[PDB]
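S.K.: Pasting a structure below so you can have a look.
Chains as they are written, first to last, in the entry's author numbering: chain D, 7 to 316; chain E, 7 to 316; chain C, 7 to 316; chain A, 7 to 316; chain B, 7 to 316.
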């Protein structure tokens with residue numbers, strides 16, 4: 007029969023969420039319960055009830071008695087796994103409890119930056135069996151799988167946690183078992199409002215205020231300054247994101263703001279050219295419409311963003 | 007009975023306090039004293055009184071004689087533990103003295119940046135038992151636990167050190183012992199006064215001085231320059247902090263200064279617009295109130311900061 | 007006879023494509039099938055049909071029975087190979103199935119940045135035999151070699167995948183077998199259009215608009231600003247590329263734009279000098295030709311780029 | 007008796023001096039000479055006179071014959087020690103020559119940046135005994151300890167080298183031996199004069215030249231530019247130093263220059279305000295005193311720096 | 007007699023040349039041929055002619071039969087050696103062929119930046135014997151030492167390759183053999199002309215053009231802008247080089263350009279001061295000489311650079 011093996015995984019400390027490379031590094035604890043009748047021994051009172059083994063001697067022993075063992079292979083591993091503790095307790099009934107406390111990095115294909123930064127993300131850890139379902143099978147421990155009390159992260163909040171089992175057909179032609187610990191996560195919006203959004207509002211309001219200065223050269227100079235500012239903020243945002251292949255919300259916001267500020271520059275230049283022709287009346291009439299439409303233009307852009315991306 | 011095991015830990019050199027990732031890396035020394043009657047031997051004069059073992063042979067031996075051993079698992083470990091020395095001295099009475107000199111990084115969930123940079127922090131190292139309290143128990147060595155003579159750090163000053171034992175219920179259903187070495191720490195304020203605060207005072211004083219220049223265009227230009235400066239300082243502060251989720255004191259200071267400088271820009275623009283209407287008397291009357299209230303506004307902000315955050 | 011050895015390699019997750027150092031890091035899975043008659047055993051019902059071994063014990067065993075084994079040496083390895091899992095299944099017929107799941111970085115000599123960023127690239131992994139073809143030989147597994155369902159990369163798209171075998175004469179005087187997994191790749195153009203091309207168009211259009219301002223000092227100032235902007239964008243592009251030895255397309259675009267903007271600066275200066283001589287008619291006549299030719303100059307440059315680099 | 011053990015250490019290549027984290031990484035060679043009578047063997051002609059061992063087999067052997075061995079523990083180790091070669095030659099007389107060629111990073115608590123960059127520094131490597139002086143003792147090899155022919159460093163010059171032995175009471179209650187290799191080092195001043203000092207002199211001289219421009223608005227603008235420049239240089243210097251807790255010489259120089267430039271800005275603004283009142287005579291009289299005192303102010307600052315910091 | 011040992015080393019892929027830390031990382035292959043009569047065995051037909059061993063078992067065997075072995079110690083190793091493959095083939099005649107395929111970083115003391123960037127560099131790998139020449143000696147393999155077909159580097163071109171043997175007296179009092187693989191290298195000049203030299207020429211030509219603007223305030227402003235530009239380029243060059251202790255060619259070029267631009271600023275200021283006195287004739291006469299001498303000054307500087315540094 008296919009012997010049933012119990013799995014319990016626990017992400018204790020999420021040490022980082024590096025979105026640039028699309029990975030997250032965590033400290034995890036893995037527990038495996040496996041009842042193998044052959045490993046049962048004969049013990050006397052006074053002797054220990056449950057033996058303790060380190061990994062190397064345990065595997066050499068199982069090589070001596072010629073017994074298959076499950077091959078817990080991490081599907082989403084990244085970089086080098088850092089085994090910290092690996093202990094095995096062997097019971098008289100023939101049950102091995104395997105503890106592996108580790109830290110490692112895992113990739114998460116499902117970043118959908120279509121709603122950055124408001125987007126909710128979905129991280130997941132996979133534990134597949136190298137040997138197929140015909141030999142072994144993976145169950146779930148009752149009250150041990152999940153997350154911990156203190157995650158030690160500020161930028162990300164865990165909303166929901168889940169665990170289950172599924173079947174794959176990757177390494178062997180037969181079916182194999184994969185234990186999945188899958189948790190959603192959110193982003194705290196305090197940063198982006200504090201040190202991105204507010205400066206943009208301040209600079210855009212200064213740009214709007216500069217419209218009615220008259221003597222249309224200070225207007226051009228201030229507009230050039232604002233161009234510098236948004237280009238710097240584009241640089242910061244560019245650093246903070248990966249080499250994304252489809253237009254994101256914040257990227258669209260910034261490119262639209264670039265286009266609008268350039269339109270402001272060109273508009274003041276055209277008004278200056280008209281004033282060069284001397285037709286002051288045309289400029290005087292157009293200024294009112296321009297200043298009335300500019301914030302209206304921004305609100306129209308906000309409405310079209312909210313409609314299109316939601 | 008639950009055999010009593012003595013623990014002594016010593017952080018010799020704190021190699022770094024990386025707040026961006028919320029961790030601190032230290033060089034530590036661990037000592038374990040464990041009296042196991044079975045390990046006692048029979049020795050003759052001429053033979054060594056206390057044997058010496060390296061870790062691998064020691065564990066293989068304990069696997070040969072089938073004795074449980076404590077599993078010192080670091081709860082706050084981060085990255086990979088770097089074992090440097092691991093020696094064991096075995097005495098005739100049956101006492102093993104285990105030395106483990108190491109260096110590693112540990113996470114500290116309790117950063118409360120609500121009082122940055124004045125805030126006091128609390129770092130702590132945890133040594134839990136994988137096996138429950140029913141088998142083993144952790145005591146404290148008398149005069150060995152604590153810190154060292156020379157820490158080799160400048161940015162942080164250790165104020166108080168403490169050590170104790172506590173019980174957890176994480177890895178097993180039973181109770182288990184955790185030895186905790188917990189030390190508070192402070193920040194030296196010399197930096198932030200030297201190369202953050204003073205430049206801000208200089209630039210804000212220049213901004214205030216620019217109020218009474220008359221011919222309100224140099225005022226606008228200087229205000230734009232000051233905007234550039236505070237945006238650069240916002241960039242520096244943004245780099246120096248993690249992706250914090252609740253508004254910090256320095257962040258509030260800088261965002262308020264942004265708002266005030268933008269208000270200055272808008273005020274000079276509005277005065278220019280009023281002068282365009284020709285009502286020089288209104289601008290002349292308003293300038294006195296503006297220049298009188300501006301430093302008063304800054305002092306009011308300082309008072310509200312001191313009240314609200316303390 | 008030269009025993010036939012089957013190879014199957016699978017790049018599951020491409021963790022990065024670092025073009026600055028000219029390498030790409032991937033998570034890979036390797037499978038080796040090798041039928042060795044000597045390793046066949048004699049088994050009884052009840053005993054396992056196929057034994058399982060870890061690498062260390064397996065190699066010690068093959069050293070005990072004195073059998074050669076293939077030496078899968080990676081030709082393009084870079085940095086340190088990170089063995090994650092290494093298992094061997096030994097069958098009664100005398101067939102070893104060797105699994106090696108790993109992650110590592112590989113160099114790719116064939117980056118031809120002559121068409122950056124539109125250029126298509128060609129990555130490849132090589133598995134050579136340390137022992138010559140006279141002893142062993144490498145075949146290809148039927149339906150296992152290739153790539154996976156989810157690559158977890160956004161900036162690069164795999165267009166075509168291929169696998170084959172070839173002969174080399176590097177390590178030994180005799181012929182040896184190399185298994186090659188070679189895949190082409192493309193670049194997503196969304197970034198460079200979003201946050202490089204559009205800002206350049208905006209700034210160049212502002213530069214063109216500045217031509218007809220009259221009172222040729224604002225022209226000089228705006229041209230200097232544009233010079234600053236293109237120098238910043240040159241800095242960004244310089245960071246994003248390796249220390250390339252032959253002029254790339256984007257580099258040529260930027261250097262040409264530098265030359266054109268400098269020509270604009272010099273032209274406005276020369277017009278100012280002519281106006282100093284008072285010959286306003288010459289400047290008035292030359293301005294029309296300059297503004298008519300400037301965008302024409304840019305289109306001529308675009309045409310010569312498209313012709314020369316394609 | 008306490009057996010005498012000879013130590014010889016040699017820093018061959020100093021690979022880096024990272025002052026930001028207060029450490030320096032070096033490639034070192036360690037030699038230990040230890041005469042143990044028990045290890046003596048009985049050999050025949052034809053057999054090797056001095057046996058050679060690798061570390062693992064040697065330690066297993068000493069575990070078989072039950073002999074204590076010295077525990078060379080590095081006190082200033084940092085990060086992970088990288089053993090490259092570890093050989094032991096065993097002589098018929100009973101002398102082991104242990105070679106350990108390594109590379110590793112060591113911390114240096116004694117950086118006194120009070121005289122940056124002119125300050126001389128003092129690096130040191132410590133080799134302590136885990137076992138106390140009652141058992142073993144550390145001597146010094148005659149002509150092997152010291153530095154090498156080619157250090158391969160440019161920024162730092164070794165002035166003096168020294169070696170000795172001392173006693174500590176850290177790991178055990180008894181006395182223990184520490185071998186110390188301590189070398190002073192200097193800094194080459196070519197950089198800071200080339201690419202820090204000269205630009206500061208150029209910009210400060212431009213600031214002084216700007217004093218007598220008349221029409222006090224270009225003065226204000228140039229002063230603002232100079233403010234930008236010194237803020238950029240403050241950024242560079244800030245990057246180049248650690249989070250130092252007591253004011254350094256270069257930091258004081260830069261903060262004083264900030265204060266003086268801000269005073270220049272305020273002075274030109276006050277002169278502009280006085281000119282607004284029309285009292286041109288007061289400004290004309292004050293300009294001479296200001297321009298006469300400004301370089302005098304800088305020389306007074308230089309004199310007070312030289313006096314106070316020396 | 008001193009047994010002759012053959013060495014063949016091959017740098018297959020030069021993965022990086024990091025001049026900032028003065029090192030270069032390469033992927034290398036090492037081959038050792040050593041004829042030891044004792045290791046010869048007695049074999050029968052059917053048995054393998056040449057045995058194959060991994061490093062650990064081989065060294066344990068040589069420890070069992072008590073035979074010295076050469077200790078290939080890398081003199082220029084840096085960081086941690088990363089053994090990738092280590093195989094040994096043992097022949098019936100008594101010859102061991104040792105293969106070690108690796109990747110590692112090596113330091114190169116001989117960077118002479120006196121001719122940066124035109125300077126030619128000289129990299130070299132050293133393989134010394136820990137045991138002296140009295141026991142072993144190092145020969146050179148005939149047609150295996152050297153470099154490979156594809157180096158996979160763009161910024162550096164290998165001009166000449168050489169190999170030889172020499173004697174040292176470092177680790178032991180006796181003479182010892184060092185095998186040296188030494189190759190010169192060059193720099194591709196395409197970068198520095200493309201994205202350093204041309205922008206400098208453009209900005210310096212703009213500075214020269216600004217001389218004859220009249221109304222000497224735009225001259226001062228443009229000169230300040232040029233000062234900003236060269237300071238930025240000084241920052242870039244400063245990043246790209248190590249903390250060099252003797253003035254380099256590019257550093258001298260940039261510092262001279264700083265001095266000349268500052269002289270331009272001061273000259274325009276002095277002309278403005280003379281115009282303040284009203285003596286327009288003196289300024290008109292001096293402008294011609296200044297504009298005639300400025301490019302002449304640059305050519306004189308180029309000539310003195312070419313003479314002094316060559």
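Note that CB positions come from ideal geometry on N, CA and C, so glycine has one too.
Tell me whether residue 78 of chain B counts as near the ligand ADP, meaning its Cβ is closer than 6 Å to at least one heavy atom of that ligand.
M.R.: Among the ligands in the structure shown, none appear at all, so the ligand ADP cannot be discussed.
S.K.: Indicate whether residue 128 of chain D and residue 190 of chain D have their beta-carbon atoms separated by less than 7 Å.
M.R.: yes
S.K.: Work out the CA separation of residue 223 of chain D and residue 290 of chain D for me, nearest whole Å.
M.R.: Near 16 Å, if we compare the C-alpha coordinates of residue 223 of chain D and residue 290 of chain D.
S.K.: Alpha carbons only, please: which of C/248, C/110 and C/255 is nearest the one belonging to residue 27 of chain C?
M.R.: C/248
S.K.: Is it buried or exposed, residue 149 of chain A, if we count other Cβ atoms within 10 angstroms and call 16 or more buried?
M.R.: exposed
S.K.: Residue 197 of chain E versus chain A: which residues are under 8 Å apart at the beta carbon?
M.R.: Here the neighbours are 249, 250 and 251.
S.K.: What does residue 225 of chain B reach in chain C if we use C-beta pairs closer than 7 Å?
M.R.: Going along chain C, no residue has its Cβ under 7 Å from residue 225 of chain B, so there is no contact; the nearest lies around 11 Å.
S.K.: With distances taken from CA atoms, which of D/80, D/239, D/112 and D/100 is nearest residue 46 of chain D?
M.R.: D/100
S.K.: Check whether the region 204-212 of chain B and the region 267-276 of chain C are in contact - that is, three or more C-beta pairs closer than 8 Å.
M.R.: yes
S.K.: Classify residue 156 of chain A as buried or exposed, calling it buried when 16 or more other Cβ atoms lie within 10 Å of its own Cβ.
M.R.: exposed
S.K.: If we count the other Cβ atoms within 10 Å of its Cβ and call it buried at 16 or more, is residue 29 of chain E buried or exposed?
M.R.: buried
S.K.: At which residues does the beta strand (DSSP E) containing residue 80 of chain A begin and terminate?
M.R.: Taken as a continuous stretch (DSSP letters only), the beta strand (DSSP E) holding residue 80 of chain A covers 78-80.
S.K.: Helix, strand or coil: which one does DSSP assign to residue 73 of chain D?
M.R.: coil
S.K.: Tell me which residue opens and which closes the beta strand (DSSP E) that residue 88 of chain A is part of.
M.R.: That run of the beta strand (DSSP E) goes 83-96.
S.K.: Quick one: residues in its chain with C-beta nearer than 8 Å to the C-beta of residue 114 of chain A, no 5 flanking neighbours on either side, listed in chain order?
M.R.: 28, 29, 30, 82, 127, 128, 129 and 130
S.K.: Please report the residue range of the alpha helix (DSSP H) in which residue 298 of chain A lies.
M.R.: 286-314
S.K.: Please classify residue 256 of chain D: does DSSP put it in a helix, a strand, or coil?
M.R.: In the displayed model, residue 256 of chain D falls within a helix according to three-state DSSP.
S.K.: Here's the rule I'm using: 16 or more other beta-carbon atoms within 10 Å means buried, otherwise exposed. How should residue 298 of chain B be labelled?
M.R.: exposed
S.K.: Give the DSSP bridge partners of residue 51 of chain E, in chain order.
M.R.: E/53
S.K.: I'd like the ranges of any alpha helix (DSSP H) spanning at least 4 consecutive residues and lying wholly in the region 181-238 of chain E.
M.R.: 204-215
S.K.: Taking only the alpha-carbon atoms, compute the straight-line gap between residue 8 of chain D and residue 103 of chain C and give it to the nearest angstrom.
M.R.: Rounded to the nearest angstrom, the two C-alpha atoms are 22 Å apart.
S.K.: With residue 157 of chain D as the anchor, note down where its beta strand (DSSP E) starts and where it stops.
M.R.: Note, residue 157 of chain D: premise wrong, no beta strand (DSSP E); not H, not E.
S.K.: For residue 136 of chain C, does the three-state DSSP call read helix, strand or coil?
M.R.: coil
S.K.: Kindly say whether residue 272 of chain E, judged by its beta-carbon, lies nearer than 7 Å to any beta-carbon of chain D.
M.R.: yes
S.K.: Determine which residues of the region 43-67 of chain D have a Cβ less than 8 Å from any Cβ of chain C, and write them out in chain order.
M.R.: 65 and 66
S.K.: Please name the residue, chosen from E/124, E/285, E/88 and E/91, that lies closest to residue 193 of chain E on a Cα-to-Cα basis.
M.R.: E/124
S.K.: So residue 244 of chain B contacts chain A; which residues on that side make the cut at Cβ distance below 7 Å?
M.R.: Result: 201.
S.K.: Taking residue 264 of chain D as the query, report the chain C residues whose CB atoms sit under 8 Å from its CB, ordered along the chain.
M.R.: By Cβ distance, chain C contributes 204, 205 and 208.
S.K.: Is residue 132 of chain D near residue 180 of chain D, with beta carbons less than 7 Å apart?
M.R.: The answer is no: Cβ separation not under 7 Å.
S.K.: Could you tell me the distance, in whole angstroms, from the CA atom of residue 207 of chain C to the CA atom of residue 243 of chain D?
M.R.: 20 Å
S.K.: If we count the other Cβ atoms within 10 Å of its Cβ and call it buried at 16 or more, is residue 202 of chain E buried or exposed?
M.R.: buried
S.K.: Report the three-state DSSP secondary structure of residue 3 of chain A (helix, strand or coil).
M.R.: This structure does not reach residue 3 of chain A, given that chain A is present from 7 up to 316, and the question cannot be answered.
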